[PDB]
Amino acid sequence: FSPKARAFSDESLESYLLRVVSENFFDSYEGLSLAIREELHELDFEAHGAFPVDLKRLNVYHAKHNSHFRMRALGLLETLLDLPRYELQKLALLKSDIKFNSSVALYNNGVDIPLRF
Amino acid sequence: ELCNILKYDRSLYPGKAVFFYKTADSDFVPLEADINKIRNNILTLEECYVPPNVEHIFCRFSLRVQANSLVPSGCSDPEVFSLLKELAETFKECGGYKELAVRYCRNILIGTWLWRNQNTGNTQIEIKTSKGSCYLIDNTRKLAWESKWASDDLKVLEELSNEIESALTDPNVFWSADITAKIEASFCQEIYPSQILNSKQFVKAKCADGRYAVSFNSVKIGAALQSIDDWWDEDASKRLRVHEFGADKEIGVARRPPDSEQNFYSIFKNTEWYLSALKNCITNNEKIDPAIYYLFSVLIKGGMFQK
Amino acid sequence: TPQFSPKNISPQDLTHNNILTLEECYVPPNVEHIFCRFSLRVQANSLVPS
Amino acid sequence: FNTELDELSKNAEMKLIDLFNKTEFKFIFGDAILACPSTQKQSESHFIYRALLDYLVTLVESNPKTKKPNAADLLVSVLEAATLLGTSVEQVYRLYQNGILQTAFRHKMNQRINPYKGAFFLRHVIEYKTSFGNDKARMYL
Amino acid sequence: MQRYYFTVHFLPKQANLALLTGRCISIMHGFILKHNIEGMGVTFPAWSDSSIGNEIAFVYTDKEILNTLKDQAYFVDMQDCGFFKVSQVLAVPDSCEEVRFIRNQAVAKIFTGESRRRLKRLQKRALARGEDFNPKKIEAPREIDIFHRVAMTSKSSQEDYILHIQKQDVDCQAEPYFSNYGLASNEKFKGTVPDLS
């Protein structure tokens, strides 16, 4: 499988991936997910363990304890789906150490947002 | 508050999980390891793989379920005994055992209990219950905890969870199930049963004819079924094996440390508090506190805890 | 501690194991029935003190 | 600085007394992490520090995760880890306390980590740092 | 006729011996192929049943070529770094004490990958001949005597593998005929080396 659709300037990670599975191909995102789960399992077990099946908990800030493994999984996902390097990693909502007065924050390209917003 | 001789008997009794394959003549050929010895202070190296002409391999075990989580097995204090009895009855009538039973049942259906052999091929799981039911999963490789299933697999999950929940709550019902996985083996696929600690040796089950068949320890299958604890934090990366301090074996540090209030004993000190919370949760769309789910998952694990 | 306070030993030592050397008895595979037999003798020893 | 660090990568296999996953980082590269100017100020990174790390990011890029160990399996100590994260040493011990960063061998219960002994792999210590996004990452361009 | 030798001693206590022993044998292998040398032997002076030692020694008849092999890049580099102790080219005491270090390939059959490879080949060959593929298993567990590992990398195929080395004792000196790792492979090559301590 080789998706030809490419990310926009301000397109979300979920948006782009749903637009990858919008190509017919796979019937639903789950079918694609389980097929990549299989290929990660055959490649790297740690990245397989990190990569979730659902679209719910796929953004980097959801993973408190396996962020490094999530990035790995995402990088292997790029490598495996015939995409250029960093292609998924620029759409990711990354982690941020800055506190908004005891409020954990979230990082988009240049900008850090309070998680309440 | 806590007693001298408080102890619980476990609720889930899984057997040894034997590996075998079926030929034209025999329908139980035990999978034997290859022993190599070296040198007399002899070292024994054992390796296990599927024989060349065999195309399917089977992992089978029995699971029997008693209702040994309603009253403690031993106790000094009568008020504690009456408190825990009424707490168990309250938790049962609220319908939390159903939620625990579903999680226990899901691990059986996705082949967690096949540890390093899980999703190496197209695994199907057959489940024959003591009540004359027969469930079939068809492909283990298409399921996952967080994935949404087909109605067939959800009907299997619903029915088997109902049978396990009834077995977990009724003392006058004897319930057992025979669970077989059939895995499509590749050409001489390496198989990972349980090893001895002490060289490299495998946990064997001696057949009636004298031959030794590689297998999993009952404790290991248990550890797989009872891998449900993701209540320790909201965004939990994994599901832990139910432990009193939430000990993670792979990473090697406790997720419910003794300093915290989320370890078993800190939650066990607030039973009379959680009873009133559960009594308020009766008649009420209100969800049960995850601390009580963790509590009852430890009580379904059992223990000879404090002291 | 005896009065419920956590003593500070390594965070990694809590997930640490104990090696147990046990004896285990399981039914051999595809053995349908197990048997338990004992013999009982009854004597009239409660009529008179020995 | 790149050409100085390039010859240490090419001649890494030459110096080996043990395997890559058992050898420390300072055994091959030598002091080049803990000599670097600290980023305790503001969380404003030094131009020397920005140039060092951006070489290590392309090192793990060229060395993918295979069954043979390579230059990206070199062991890094808690002080060298503290500099690469740009945080206090207690904060990096606290990540070890909640098993966020995973040592590379199990200490047996009374082992408190020696702050100079190489504990963590270079590999996932970088991937943890690429999980946190800052403006001048190579991802955007 | 007088067989000269030198010895490379590995000084660090934390040194992976299979790695360093492989590096030394690979460099000798490379040198032999470059210069077209025949009769070069390898001996392990500090060979135990626990392990191969910190010492590896190279045994040959010419003195100049051993001096040329002593003056290779890796040896002087790892001597400068202070990990190696390289001896001068000394004549063998030439009294007796002959042994034979063999690369025993049969040891490789105790691992699953070998059985899988070997059966895949037998299947193809049995299928090619036109008969049914039905191999029969052994009844006795495989008996092997103590062997030590030497880690070796194929630069041609970029493949990591291991030499299973076994030590045998012989009475008196045989002809110097060895493999390209100087390692007397127990039927094809019957080359003996002097026992050093």
# chains A, B, ... in the order shown; residues from 1 in each chain; ligands from 1
$ select_by_dssp --residues "segment 42-272 of chain B" --states "helix (DSSP H, G or I)" --output "ChimeraX atom specification"
/B:78-94,97-110,140-142,151-169,218-225,264-268,271-272
$ write_last_selection --atoms "C-alpha atoms" --output "PDB file, in the first residue's frame"
ATOM      1  CA  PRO B  78     -16.099 -10.751  63.227  1.00  0.00           C
ATOM      2  CA  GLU B  79     -17.007  -7.101  62.242  1.00  0.00           C
ATOM      3  CA  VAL B  80     -14.415  -7.156  59.341  1.00  0.00           C
ATOM      4  CA  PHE B  81     -15.905 -10.545  58.168  1.00  0.00           C
ATOM      5  CA  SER B  82     -19.500  -9.091  58.246  1.00  0.00           C
ATOM      6  CA  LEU B  83     -18.239  -5.816  56.576  1.00  0.00           C
ATOM      7  CA  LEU B  84     -16.413  -7.635  53.672  1.00  0.00           C
ATOM      8  CA  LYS B  85     -19.401 -10.088  53.232  1.00  0.00           C
ATOM      9  CA  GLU B  86     -21.857  -7.113  52.903  1.00  0.00           C
ATOM     10  CA  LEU B  87     -19.333  -5.190  50.650  1.00  0.00           C
ATOM     11  CA  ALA B  88     -19.034  -8.261  48.296  1.00  0.00           C
ATOM     12  CA  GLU B  89     -22.898  -8.659  48.256  1.00  0.00           C
ATOM     13  CA  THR B  90     -23.233  -4.859  47.520  1.00  0.00           C
ATOM     14  CA  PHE B  91     -20.586  -5.033  44.682  1.00  0.00           C
ATOM     15  CA  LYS B  92     -22.318  -8.204  43.243  1.00  0.00           C
ATOM     16  CA  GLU B  93     -25.869  -6.653  43.299  1.00  0.00           C
ATOM     17  CA  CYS B  94     -24.487  -3.371  41.736  1.00  0.00           C
ATOM     18  CA  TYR B  97     -18.353  -8.657  38.680  1.00  0.00           C
ATOM     19  CA  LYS B  98     -19.797  -8.413  35.078  1.00  0.00           C
ATOM     20  CA  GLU B  99     -17.166  -5.716  34.177  1.00  0.00           C
ATOM     21  CA  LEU B 100     -14.314  -7.826  35.756  1.00  0.00           C
ATOM     22  CA  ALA B 101     -15.647 -11.016  33.980  1.00  0.00           C
ATOM     23  CA  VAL B 102     -15.683  -9.186  30.546  1.00  0.00           C
ATOM     24  CA  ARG B 103     -11.986  -8.098  30.952  1.00  0.00           C
ATOM     25  CA  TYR B 104     -10.957 -11.664  32.074  1.00  0.00           C
ATOM     26  CA  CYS B 105     -12.980 -13.098  29.090  1.00  0.00           C
ATOM     27  CA  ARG B 106     -11.457 -10.655  26.489  1.00  0.00           C
ATOM     28  CA  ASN B 107      -7.847 -11.812  27.337  1.00  0.00           C
ATOM     29  CA  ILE B 108      -8.994 -15.457  26.598  1.00  0.00           C
ATOM     30  CA  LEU B 109     -10.485 -14.379  23.183  1.00  0.00           C
ATOM     31  CA  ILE B 110      -7.454 -12.261  21.910  1.00  0.00           C
ATOM     32  CA  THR B 140      -7.348 -13.969  16.813  1.00  0.00           C
ATOM     33  CA  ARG B 141      -5.157 -11.677  14.579  1.00  0.00           C
ATOM     34  CA  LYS B 142      -8.156  -9.347  13.719  1.00  0.00           C
ATOM     35  CA  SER B 151     -21.242  -8.723  16.366  1.00  0.00           C
ATOM     36  CA  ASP B 152     -20.275 -12.492  16.295  1.00  0.00           C
ATOM     37  CA  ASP B 153     -17.153 -11.996  18.537  1.00  0.00           C
ATOM     38  CA  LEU B 154     -19.152  -9.534  20.778  1.00  0.00           C
ATOM     39  CA  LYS B 155     -21.936 -12.212  21.104  1.00  0.00           C
ATOM     40  CA  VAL B 156     -19.157 -14.747  22.080  1.00  0.00           C
ATOM     41  CA  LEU B 157     -17.737 -12.125  24.566  1.00  0.00           C
ATOM     42  CA  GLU B 158     -21.258 -11.357  26.021  1.00  0.00           C
ATOM     43  CA  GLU B 159     -22.240 -15.079  26.456  1.00  0.00           C
ATOM     44  CA  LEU B 160     -18.867 -16.293  27.928  1.00  0.00           C
ATOM     45  CA  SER B 161     -18.633 -13.175  30.230  1.00  0.00           C
ATOM     46  CA  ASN B 162     -22.207 -14.011  31.512  1.00  0.00           C
ATOM     47  CA  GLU B 163     -21.101 -17.663  32.210  1.00  0.00           C
ATOM     48  CA  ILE B 164     -17.852 -16.500  34.008  1.00  0.00           C
ATOM     49  CA  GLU B 165     -19.793 -13.781  35.995  1.00  0.00           C
ATOM     50  CA  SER B 166     -22.454 -16.380  37.100  1.00  0.00           C
ATOM     51  CA  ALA B 167     -19.557 -18.769  38.084  1.00  0.00           C
ATOM     52  CA  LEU B 168     -17.784 -15.903  40.009  1.00  0.00           C
ATOM     53  CA  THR B 169     -20.988 -14.951  42.016  1.00  0.00           C
ATOM     54  CA  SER B 218      -0.590 -22.522  35.162  1.00  0.00           C
ATOM     55  CA  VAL B 219       0.758 -19.372  36.973  1.00  0.00           C
ATOM     56  CA  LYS B 220       1.847 -17.901  33.539  1.00  0.00           C
ATOM     57  CA  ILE B 221      -1.611 -18.472  31.875  1.00  0.00           C
ATOM     58  CA  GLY B 222      -3.097 -17.006  35.104  1.00  0.00           C
ATOM     59  CA  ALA B 223      -0.748 -13.961  34.751  1.00  0.00           C
ATOM     60  CA  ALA B 224      -2.101 -13.527  31.146  1.00  0.00           C
ATOM     61  CA  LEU B 225      -5.871 -13.793  32.043  1.00  0.00           C
ATOM     62  CA  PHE B 264      -3.968  -2.311  47.707  1.00  0.00           C
ATOM     63  CA  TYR B 265      -3.607  -1.763  51.531  1.00  0.00           C
ATOM     64  CA  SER B 266      -4.339   2.047  51.382  1.00  0.00           C
ATOM     65  CA  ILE B 267      -7.596   1.202  49.438  1.00  0.00           C
ATOM     66  CA  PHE B 268      -8.331  -1.760  51.850  1.00  0.00           C
ATOM     67  CA  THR B 271     -13.739  -0.298  52.845  1.00  0.00           C
ATOM     68  CA  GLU B 272     -16.500   1.213  55.128  1.00  0.00           C
TER      69      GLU B 272
END
$ residues_around --residues "residue 36 of chain B" --least-positions-apart "6" --cutoff "6 Å" --atoms "only C-alpha atoms" --output "PyMOL selection string"
(chain B and resi 44-45) or (chain E and resi 141-142)
$ write_last_selection --atoms "N, CA and C atoms" --output "PDB file, in the first residue's frame"
ATOM      1  N   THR B  44      22.815 -28.957  29.488  1.00  0.00           N
ATOM      2  CA  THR B  44      21.674 -29.408  28.645  1.00  0.00           C
ATOM      3  C   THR B  44      21.063 -28.204  27.919  1.00  0.00           C
ATOM      4  N   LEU B  45      21.265 -28.106  26.599  1.00  0.00           N
ATOM      5  CA  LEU B  45      20.607 -27.096  25.725  1.00  0.00           C
ATOM      6  C   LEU B  45      19.418 -27.757  25.020  1.00  0.00           C
TER       7      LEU B  45
ATOM      8  N   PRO E 141      19.839 -38.118  22.498  1.00  0.00           N
ATOM      9  CA  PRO E 141      20.193 -36.699  22.512  1.00  0.00           C
ATOM     10  C   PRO E 141      21.624 -36.505  21.989  1.00  0.00           C
ATOM     11  N   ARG E 142      21.857 -35.411  21.259  1.00  0.00           N
ATOM     12  CA  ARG E 142      23.134 -35.125  20.551  1.00  0.00           C
ATOM     13  C   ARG E 142      24.240 -34.896  21.589  1.00  0.00           C
TER      14      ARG E 142
END
$ interface_residues --of "chain D" --to "chain A" --cutoff "10 Å" --atoms "only C-alpha atoms" --output "number ranges by chain"
D: 43, 61, 64-67, 87, 95, 98-101, 123-141
$ closest_atom_pairs --of "chain C" --to "chain B" --cutoff "10 Å" --atoms "only C-alpha atoms" --output "JSON lines"
{"residue": "C:4", "atom": "CA", "partner": "B:265", "partner_atom": "CA", "distance": 9.1}
{"residue": "C:5", "atom": "CA", "partner": "B:259", "partner_atom": "CA", "distance": 7.8}
{"residue": "C:6", "atom": "CA", "partner": "B:259", "partner_atom": "CA", "distance": 5.7}
{"residue": "C:7", "atom": "CA", "partner": "B:258", "partner_atom": "CA", "distance": 8.7}
{"residue": "C:8", "atom": "CA", "partner": "B:259", "partner_atom": "CA", "distance": 9.0}
{"residue": "C:10", "atom": "CA", "partner": "B:253", "partner_atom": "CA", "distance": 9.2}
{"residue": "C:11", "atom": "CA", "partner": "B:253", "partner_atom": "CA", "distance": 5.8}
{"residue": "C:12", "atom": "CA", "partner": "B:253", "partner_atom": "CA", "distance": 4.9}
{"residue": "C:13", "atom": "CA", "partner": "B:253", "partner_atom": "CA", "distance": 7.6}
{"residue": "C:14", "atom": "CA", "partner": "B:254", "partner_atom": "CA", "distance": 6.4}
{"residue": "C:15", "atom": "CA", "partner": "B:247", "partner_atom": "CA", "distance": 5.0}
{"residue": "C:16", "atom": "CA", "partner": "B:252", "partner_atom": "CA", "distance": 7.2}
{"residue": "C:17", "atom": "CA", "partner": "B:249", "partner_atom": "CA", "distance": 9.1}
{"residue": "C:19", "atom": "CA", "partner": "B:197", "partner_atom": "CA", "distance": 8.4}
{"residue": "C:20", "atom": "CA", "partner": "B:197", "partner_atom": "CA", "distance": 9.9}
{"residue": "C:21", "atom": "CA", "partner": "B:198", "partner_atom": "CA", "distance": 9.6}
{"residue": "C:26", "atom": "CA", "partner": "B:16", "partner_atom": "CA", "distance": 7.9}
{"residue": "C:27", "atom": "CA", "partner": "B:207", "partner_atom": "CA", "distance": 9.2}
{"residue": "C:28", "atom": "CA", "partner": "B:207", "partner_atom": "CA", "distance": 5.3}
{"residue": "C:29", "atom": "CA", "partner": "B:207", "partner_atom": "CA", "distance": 5.5}
{"residue": "C:30", "atom": "CA", "partner": "B:207", "partner_atom": "CA", "distance": 7.9}
{"residue": "C:31", "atom": "CA", "partner": "B:208", "partner_atom": "CA", "distance": 7.5}
$ closest_residue --among "E:18, E:46, E:91, E:122" --to "chain B" --atoms "only C-alpha atoms"
E:122
$ interface_residues --of "chain D" --to "chain E" --cutoff "10 Å" --atoms "only C-alpha atoms" --output "PyMOL selection string"
chain D and resi 14-19+22-23+68
$ interface_residues --of "chain B" --to "chain E" --cutoff "9 Å" --atoms "only C-alpha atoms" --output "VMD selection string"
chain B and resid 34 to 39 45 to 49 52 to 53 187 to 190
$ write_last_selection --atoms "C-alpha atoms" --output "compact mmCIF listing (two decimals), in the first residue's frame"
# COMPACT_ATOMS: atom_id res chain seq x y z
CA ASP B 34 15.31 -31.46 21.18
CA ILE B 35 17.82 -32.15 24.07
CA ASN B 36 21.56 -31.55 23.33
CA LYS B 37 24.08 -32.22 26.12
CA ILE B 38 27.66 -30.98 26.32
CA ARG B 39 30.89 -32.69 27.73
CA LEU B 45 20.61 -27.10 25.73
CA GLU B 46 16.93 -27.71 24.67
CA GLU B 47 15.33 -26.14 21.51
CA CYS B 48 11.63 -26.40 20.41
CA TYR B 49 10.19 -25.99 16.83
CA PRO B 52 8.56 -30.24 9.17
CA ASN B 53 5.29 -31.79 7.75
CA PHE B 187 8.13 -24.05 8.14
CA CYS B 188 9.83 -25.21 11.43
CA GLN B 189 8.51 -22.16 13.43
CA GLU B 190 10.33 -21.67 16.81
$ interface_residues --of "chain D" --to "chain C" --cutoff "7 Å" --atoms "only C-alpha atoms" --output "ChimeraX atom specification"
/D:97,108-110,112
$ interface_residues --of "chain A" --to "chain B" --cutoff "12 Å" --atoms "only C-alpha atoms" --output "PyMOL selection string"
chain A and resi 28-42+45-46+48-58+60-67+69-70
$ write_last_selection --atoms "N, CA and C atoms" --output "short mmCIF file (atom, residue, chain, number, x, y, z; two decimals), in the first residue's frame"
data_model
loop_
_atom_site.label_atom_id
_atom_site.label_comp_id
_atom_site.auth_asym_id
_atom_site.auth_seq_id
_atom_site.Cartn_x
_atom_site.Cartn_y
_atom_site.Cartn_z
N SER A 28 -11.87 0.29 6.33
CA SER A 28 -11.89 1.18 7.52
C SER A 28 -10.47 1.36 8.06
N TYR A 29 -10.27 2.32 8.97
CA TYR A 29 -8.97 2.62 9.63
C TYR A 29 -8.49 1.41 10.44
N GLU A 30 -9.41 0.68 11.09
CA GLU A 30 -9.11 -0.51 11.93
C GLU A 30 -8.36 -1.55 11.08
N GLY A 31 -8.87 -1.87 9.89
CA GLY A 31 -8.28 -2.84 8.94
C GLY A 31 -6.83 -2.49 8.60
N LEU A 32 -6.58 -1.23 8.26
CA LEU A 32 -5.22 -0.65 8.05
C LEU A 32 -4.39 -0.82 9.33
N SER A 33 -4.93 -0.38 10.47
CA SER A 33 -4.27 -0.43 11.80
C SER A 33 -3.78 -1.86 12.11
N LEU A 34 -4.65 -2.87 11.98
CA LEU A 34 -4.32 -4.29 12.34
C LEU A 34 -3.24 -4.81 11.38
N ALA A 35 -3.28 -4.39 10.11
CA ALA A 35 -2.32 -4.78 9.04
C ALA A 35 -0.92 -4.20 9.32
N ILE A 36 -0.84 -2.98 9.86
CA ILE A 36 0.43 -2.31 10.27
C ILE A 36 0.89 -2.88 11.62
N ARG A 37 -0.05 -3.21 12.53
CA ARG A 37 0.24 -3.91 13.82
C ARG A 37 1.01 -5.20 13.50
N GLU A 38 0.52 -5.98 12.53
CA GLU A 38 1.15 -7.25 12.06
C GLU A 38 2.58 -6.99 11.57
N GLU A 39 2.76 -5.97 10.72
CA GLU A 39 4.06 -5.64 10.08
C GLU A 39 5.04 -5.07 11.11
N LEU A 40 4.58 -4.29 12.09
CA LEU A 40 5.42 -3.80 13.21
C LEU A 40 5.85 -4.99 14.08
N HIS A 41 4.90 -5.87 14.44
CA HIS A 41 5.15 -7.11 15.22
C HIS A 41 6.27 -7.94 14.59
N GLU A 42 6.30 -8.03 13.25
CA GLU A 42 7.33 -8.79 12.49
C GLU A 42 8.65 -7.98 12.47
N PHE A 45 9.13 -5.27 18.20
CA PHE A 45 8.08 -5.63 19.20
C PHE A 45 7.77 -4.43 20.11
N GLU A 46 8.78 -3.61 20.41
CA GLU A 46 8.67 -2.42 21.31
C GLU A 46 7.78 -1.36 20.64
N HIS A 48 5.74 -2.06 18.11
CA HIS A 48 4.46 -2.81 18.02
C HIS A 48 3.64 -2.58 19.30
N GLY A 49 4.28 -2.70 20.47
CA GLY A 49 3.66 -2.48 21.79
C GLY A 49 3.19 -1.05 21.98
N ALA A 50 3.93 -0.08 21.43
CA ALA A 50 3.65 1.37 21.51
C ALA A 50 2.44 1.72 20.63
N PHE A 51 2.49 1.35 19.35
CA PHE A 51 1.49 1.68 18.30
C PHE A 51 0.11 1.17 18.70
N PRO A 52 -0.87 2.06 19.00
CA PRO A 52 -2.22 1.63 19.36
C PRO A 52 -3.06 1.29 18.12
N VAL A 53 -4.09 0.47 18.30
CA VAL A 53 -5.00 0.01 17.20
C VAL A 53 -6.03 1.11 16.91
N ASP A 54 -6.55 1.78 17.94
CA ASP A 54 -7.57 2.86 17.83
C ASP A 54 -6.90 4.16 17.34
N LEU A 55 -7.71 5.08 16.82
CA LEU A 55 -7.31 6.45 16.39
C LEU A 55 -7.41 7.43 17.57
N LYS A 56 -8.06 7.01 18.66
CA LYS A 56 -8.29 7.79 19.91
C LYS A 56 -6.95 8.30 20.46
N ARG A 57 -6.03 7.38 20.78
CA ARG A 57 -4.80 7.63 21.59
C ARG A 57 -3.55 7.56 20.71
N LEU A 58 -3.59 8.12 19.49
CA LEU A 58 -2.49 8.04 18.49
C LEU A 58 -1.58 9.28 18.55
N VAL A 60 0.88 12.10 20.26
CA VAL A 60 2.10 11.83 21.08
C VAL A 60 1.84 12.20 22.55
N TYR A 61 1.04 13.24 22.81
CA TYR A 61 0.81 13.80 24.17
C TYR A 61 -0.05 12.85 25.02
N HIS A 62 -0.77 11.91 24.40
CA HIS A 62 -1.58 10.87 25.10
C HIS A 62 -0.65 9.86 25.79
N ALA A 63 0.49 9.55 25.16
CA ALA A 63 1.50 8.58 25.66
C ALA A 63 2.42 9.26 26.68
N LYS A 64 2.10 9.14 27.98
CA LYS A 64 2.92 9.66 29.10
C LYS A 64 4.20 8.81 29.26
N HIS A 65 4.11 7.49 29.04
CA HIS A 65 5.11 6.49 29.51
C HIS A 65 5.86 5.80 28.36
N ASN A 66 5.45 6.00 27.09
CA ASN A 66 6.05 5.31 25.91
C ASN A 66 6.14 6.27 24.71
N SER A 67 6.51 7.53 24.97
CA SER A 67 6.61 8.62 23.97
C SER A 67 7.71 8.27 22.95
N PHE A 69 9.00 5.40 22.23
CA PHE A 69 8.52 4.23 21.44
C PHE A 69 7.46 4.68 20.43
N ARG A 70 6.57 5.61 20.82
CA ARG A 70 5.51 6.18 19.92
C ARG A 70 6.17 6.85 18.71
#
$ select_by_dssp --residues "segment 34-177 of chain E" --states "strand (DSSP E)" --output "JSON, numbers by chain"
{"E": [41, 42, 43, 55, 56, 57, 58, 59, 60, 84, 85, 86, 90, 91, 98, 99, 100, 101, 102, 103, 142, 143, 144, 148, 149, 150, 151, 152, 153, 154, 159, 160, 161, 162, 163, 164, 165, 166, 167, 168, 169]}
$ write_last_selection --atoms "C-alpha atoms" --output "compact mmCIF listing (two decimals), in the first residue's frame"
# COMPACT_ATOMS: atom_id res chain seq x y z
CA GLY E 41 48.42 -21.69 12.22
CA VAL E 42 46.49 -20.18 15.20
CA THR E 43 47.03 -21.42 18.82
CA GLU E 55 46.20 -14.76 24.64
CA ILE E 56 46.10 -15.68 20.88
CA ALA E 57 49.36 -16.77 19.11
CA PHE E 58 50.14 -17.06 15.33
CA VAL E 59 52.58 -19.91 14.36
CA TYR E 60 54.54 -19.91 11.01
CA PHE E 84 46.92 -5.16 23.61
CA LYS E 85 50.31 -6.63 24.70
CA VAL E 86 52.01 -7.88 21.44
CA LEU E 90 60.36 -15.73 19.25
CA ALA E 91 61.45 -19.26 18.10
CA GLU E 98 51.55 -30.46 19.86
CA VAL E 99 47.73 -29.78 20.01
CA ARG E 100 45.03 -29.34 17.27
CA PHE E 101 42.29 -26.61 17.40
CA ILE E 102 39.38 -27.61 15.05
CA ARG E 103 36.36 -25.63 13.71
CA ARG E 142 23.13 -35.12 20.55
CA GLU E 143 26.53 -35.57 22.38
CA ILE E 144 29.09 -32.68 21.92
CA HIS E 148 34.37 -22.06 22.55
CA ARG E 149 32.86 -19.30 20.30
CA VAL E 150 34.78 -16.91 17.96
CA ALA E 151 32.47 -14.17 16.51
CA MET E 152 33.16 -13.72 12.73
CA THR E 153 31.61 -11.21 10.22
CA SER E 154 31.28 -11.93 6.45
CA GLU E 159 26.51 -11.60 7.78
CA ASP E 160 27.44 -12.12 11.50
CA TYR E 161 28.23 -15.80 12.47
CA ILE E 162 30.30 -17.89 14.99
CA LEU E 163 33.23 -20.41 14.74
CA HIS E 164 32.69 -23.37 17.18
CA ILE E 165 36.35 -24.13 18.15
CA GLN E 166 37.27 -27.47 19.90
CA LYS E 167 40.78 -28.44 21.23
CA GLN E 168 42.25 -31.97 20.60
CA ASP E 169 45.65 -33.33 21.84
$ residues_around --residues "segment 44-46 of chain D" --least-positions-apart "2" --cutoff "12 Å" --atoms "only C-alpha atoms" --output "list in words"
residues 36, 37, 38, 39, 40, 41, 42, 48, 49, 50, 51, 52, 53, 83, 84, 85, 86, 87, 134, 135 and 136 of chain D
$ residues_around --residues "residue 174 of chain E" --least-positions-apart "5" --cutoff "8 Å" --atoms "only C-alpha atoms" --output "mmCIF file with N, CA and C atoms, in the first residue's frame"
data_model
loop_
_atom_site.group_PDB
_atom_site.id
_atom_site.type_symbol
_atom_site.label_atom_id
_atom_site.label_comp_id
_atom_site.auth_asym_id
_atom_site.auth_seq_id
_atom_site.Cartn_x
_atom_site.Cartn_y
_atom_site.Cartn_z
ATOM 1 N N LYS E 190 44.539 -31.222 8.515
ATOM 2 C CA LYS E 190 45.145 -31.913 9.687
ATOM 3 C C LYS E 190 46.454 -31.208 10.063
ATOM 4 N N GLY E 191 46.347 -29.965 10.537
ATOM 5 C CA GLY E 191 47.485 -29.113 10.926
ATOM 6 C C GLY E 191 47.555 -28.956 12.433
ATOM 7 N N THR E 192 48.724 -29.231 13.016
ATOM 8 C CA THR E 192 48.994 -29.175 14.475
ATOM 9 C C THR E 192 49.743 -27.876 14.787
#
